[PDB]
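Student: Okay, here's the structure, questions in a sec.
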Amino acid sequence: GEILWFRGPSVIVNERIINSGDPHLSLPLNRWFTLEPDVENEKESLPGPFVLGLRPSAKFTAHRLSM
Amino acid sequence: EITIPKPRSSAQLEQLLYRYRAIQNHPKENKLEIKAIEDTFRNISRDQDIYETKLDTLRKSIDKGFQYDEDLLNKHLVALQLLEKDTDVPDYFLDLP
Amino acid sequence: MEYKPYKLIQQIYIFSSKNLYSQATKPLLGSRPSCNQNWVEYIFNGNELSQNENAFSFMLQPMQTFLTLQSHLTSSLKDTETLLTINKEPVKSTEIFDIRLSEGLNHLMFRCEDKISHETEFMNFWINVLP
Amino acid sequence: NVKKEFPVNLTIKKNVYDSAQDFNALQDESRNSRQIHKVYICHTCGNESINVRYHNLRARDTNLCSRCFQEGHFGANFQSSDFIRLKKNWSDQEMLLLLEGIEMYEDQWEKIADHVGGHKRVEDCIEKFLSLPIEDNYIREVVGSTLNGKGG
Amino acid sequence: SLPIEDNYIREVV
Amino acid sequence: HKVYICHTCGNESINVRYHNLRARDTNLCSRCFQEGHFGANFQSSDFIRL
Amino acid sequence: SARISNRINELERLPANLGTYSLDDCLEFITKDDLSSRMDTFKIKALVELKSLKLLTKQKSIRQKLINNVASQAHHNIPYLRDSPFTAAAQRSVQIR
Amino acid sequence: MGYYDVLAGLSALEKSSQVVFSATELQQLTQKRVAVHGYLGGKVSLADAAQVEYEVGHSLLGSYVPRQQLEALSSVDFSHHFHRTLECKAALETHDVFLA
Amino acid sequence: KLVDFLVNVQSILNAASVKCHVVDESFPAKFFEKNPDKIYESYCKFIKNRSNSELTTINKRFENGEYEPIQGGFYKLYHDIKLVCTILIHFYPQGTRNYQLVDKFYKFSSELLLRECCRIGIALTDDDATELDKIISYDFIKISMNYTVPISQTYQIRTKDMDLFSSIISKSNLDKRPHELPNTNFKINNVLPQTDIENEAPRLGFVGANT
Amino acid sequence: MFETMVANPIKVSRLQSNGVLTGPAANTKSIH
Amino acid sequence: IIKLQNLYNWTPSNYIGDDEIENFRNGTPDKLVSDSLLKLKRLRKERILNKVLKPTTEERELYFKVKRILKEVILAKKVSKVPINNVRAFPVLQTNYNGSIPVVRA
Ligand SMILES: [Zn+2]
């Protein structure tokens, strides 16, 4: 029962799986629908990193729980 | 002529549109890629309209009371899958049905 | 422990070198451009931090070797500032320093002293440059 | 005093004819010109947290190559007004929702299209279902049933 | 007993 | 039974080990894999859960 | 050989980070920190198929060793071959002092 | 090589508008077995094997990598290497042809 | 939707708390605020009053029909979850089994509620200083994406030979206890999460090489 | 403080890392 | 003239032929599907006998045709039941981080 000391600080990864297809991640070519930096720049505040990861719906979890 | 070939897939059409959107603002300089791109776009829109009309005619003249047998549909699904992913369909799988 | 927000230091920035960016975006009519092109930036606010937790860690890709550190000071008086790399001493060119890290693990100790009120503030940075 | 066959790992292989239908993990981000990445990530270690700001980059120098489609871009050779004034490929969340819908609603395609989201039509769901890989045990069973029906 | 090569032998012949 | 030991900390791995696909001799704990406590020339894709 | 080389090429052009979402992870209430107990199921299958395709000649060699060492002893281990008058006559003819 | 390949290359890099094709450019863009090993039979002379040309091709790290060397490689460098050779090759080839 | 949603959420929370019993714990059942980021604090105040002037679980609030399909009911559920989790975190020891069980349950339930509420259109609630930012904003147009995530901590020491670090500390993000350095000379290092999302990886033939 | 201490690193042999077999039947030179 | 409504909405599988319309109106599309699958298999065998990997254009067209026929058959509810056999998983990428313990490099 003694503390183990490593030569390097640990690593934190938020999501273990990523949405390989996503307008947030994979920016599409030919954006179809919508001095100073620019007018066309847009920011999006995600409600959390879970938007970039794969999560099941509550409905399917409940369905599987019913059996 | 030049006659830019028909795009093989949708990504090729997207890159055609990107190239056109890049070229637009120098027409007096390019003057030749624009016309071929536009002929290709015309052919594509024509084909899309023809496809829409043919699909409309198809879905409204299918049949009154025909149905597809389940065994044959299952065999066809499995064979389509196998052929799609480069595997092999045994010889006794389609001739006999 | 306790909670001690900073008073002298304010908004330390550590970002990628402008020269690396210029050489990755403009090839000087010579070679090919790179393929990674990842440029980072790390901002640290004087307030809303703690002087009892003054260490920070992050990793960098092997090409992100040249960094630059920009410091702002709330104390509008004359203060003494020293940046220490792996225990050498870089010299500045509001202050701006250019750092060239080494492969492995690097330690940056940024120190401010007031010398009027005689207050010291430290910021430690552990950085990993992967092989 | 049966022929056990090597597994047909269909989920691993790729589509031979139209490779634009593989799972996003198997596709090559080189036909849509997405190989080279231009990223800019700004952190802020303010208050026991970090406000990650992720930025994708597009060349501001390129005129009409990184800007949204608008009516003033196309000339008299186009009929784009109504279309511009008023998705197309799948994702991983949408694929997961499709699998879950098939698992819950077997063939009720409308409930499935509602479970996926308002972006996909019924036809797209039917296409994706047709292109999904099937189990290996079922393939062995079907092929062996045909073989036994031929040989007996 | 491992059908490593059976598929290709079968599809060629 | 059989006993496996993490290559980084002496503690033994329980119920699961992360086999290195390149070293083929060094296995890791679940925690030492979660926190990236392996060498700096290995990536997380070099290990497999067994 | 062409088909085998093509399959090996396709297998090697796969990504290393090849996790799999198993749709049964619902009952395992993963909290973004736990590790899914089925992330490596397509990776394991890909590795198995690749390595089995790369160890083909080894299996061939062991198979031919087995076959040769079981054929050379046909007349001594198989009854209806050992008991024919011709094999017995030949084995006697060899041992004539 | 191919017109759409040239377009994909010029679009990978963001310097697609800095290129102009000529007439000719457009018109041209539209178009025995020696036993090596001995695991199965009696090996032929090593000189004969050397006389033949080997081509694996399908594998990435060749047909053999020693245990220690592979065990002690760097994954980041090889990931970048594969990204340069396998995926970004067309863009670099176009940059070699055009863009001076 | 919202009716079936509440039914599913109740079933899921009942199923996920078999080991933690978080749903079967009793809190004062008369406490409520508006901004969640202060709940614990306010609760403390509450305690003091009702501690010097000297009821229900979550399942009981479900069966009595206390959460309405409006934003009010969802916020009540989120609030009660966070409250019971804070209570049980400050109750159990720092690193025991039930502590981390409660922490895991809180993470799961909070993420579930957030994702689900965002799926039904409900919510529960700048680059000028650096020349790098200047040249980037001059050269490229920036399509942005912002999110926040807490950072972790570890212990760090210096010896005759080298600098050494500890494992990540499993202290929950709800733990408000100030700190307790097990020994002096322990420095507290702040570990920052990983930035890249589409971080590349080598091919499969690289890890399946022939030796 | 802590400047005069030494590391005492933890060494693990690969034989110990993958292939230790245990129990009373661990060694063959045992009646058990 | 050009319509962006068509450029945005187009796929290489949008080339319905008269054979489909006839084999639908006259019933029995299944015969067309079976014959097309036989033709696909024969073309693939010929593609294997001489070493060539890329399928020809006609193979892509037959594949697209079979997919469209089956899609329109299922959509029109012209089948009693649909067989549902799917691998209940699917491949997905996975984050890839590096080790933090630095290299000794003897
Ligand atoms: Zn360990």
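Don't overthink the numbers, they just go from 1 along the chain as shown.
Per deposition record, electron microscopy, 3.1 Å.
Cβ atoms are placed via backbone N, Cα and C, with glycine included.
Okay, these came from Swiss-Prot:
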| type | residues | note |
| --- | --- | --- |
| BINDING | F:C6, F:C9, F:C29, F:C32 | Zn(2+) binding site |
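Locate each feature and note its surroundings.
Tutor: Non-local contacts of F:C32 (Zn(2+) binding site) by the CB criterion (under 8 A, 6+ apart in sequence, same chain) comprise F:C6, F:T8, F:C9, F:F38.
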Student: Using a 10 Å cut-off, grab the number of neighbouring Cβ atoms around the Cβ of F:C9 (Zn(2+) binding site), all chains included.
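Tutor: Here the count is 19.
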Student: Sort out the sequence-distant neighbours of F:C29 (Zn(2+) binding site) for me: same chain, 6+ apart, CB within less than 8 Å of its CB, listed by position.
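Tutor: Looking at Cβ-Cβ distances below 8 Å from F:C29 (Zn(2+) binding site), excluding near sequence neighbours, one finds F:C6, F:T8, F:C9, F:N11, F:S13, F:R17, F:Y18.
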Student: Give me the count of other Cβ atoms within 10 A of the Cβ belonging to F:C6 (Zn(2+) binding site).
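Tutor: Step by step: centre on the Cβ of F:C6 (Zn(2+) binding site), count other Cβ atoms within 10 Å, giving 24.
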Student: Using the centroid of the Cβ atoms of F:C6, F:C9, F:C29, F:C32 as reference, list every other same-chain residue with Cβ within 8 Å of it (recorded Zn(2+) site), in sequence order.
Tutor: F:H7, F:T8, F:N11, F:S13, F:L28, F:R31, F:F33, F:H37
Student: With H, G and I counted as helix, E and B as strand and the rest as coil, say where DSSP puts F:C9 (Zn(2+) binding site).
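Tutor: Once the DSSP labels are grouped into three classes, F:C9 (Zn(2+) binding site) ends up as coil.
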